[PDB]
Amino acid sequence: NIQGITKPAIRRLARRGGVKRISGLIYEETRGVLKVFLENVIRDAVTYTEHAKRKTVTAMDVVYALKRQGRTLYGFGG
């Protein structure tokens, strides 16, 4: 599934970040970094879901989790 985050997708992300040239080894690092990012946010989001005794992860569970991580997101129920 981590391989669904393709080389072209990572290149596009890098282009928006202003990158002109990318070593072949970047695509594997990026996948690892993203996995860590998602695990940390989802871990917390799921802690909230479970605390509410729910089976469904809400956008608010994510929003609160992002806020905890110091990654406040506007646009989804802030």
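Residue indices: 1-based, along the sequence shown. So that the term is clear: the rigid core is the largest set of C-alpha atoms that superpose within 1.5 Å between two forms.
When the core is superposed, where do the C-alphas shift more in 4 other deposited structures of this protein: in 20-28 or in 64-72?
Result of the core-fitted comparison in 4 other deposited structures of this protein: 64-72 deviates more.
CA B-factor ranking of residue 10, expressed as a third of its chain:
Middle third - that is where residue 10 ends up once the chain's C-alpha B-factors are sorted.
Could you place residue 67 in the lowest, middle or highest third of its chain by Cα temperature factor, using the values in the record?
For residue 67, the deposited C-alpha B-factor lands in the lowest third.
When the modelled residues of the chain are sorted by Cα temperature factor, does residue 31 land in the lowest, middle or highest third?
It belongs to the middle third of the chain when residues are ordered by C-alpha B-factor.
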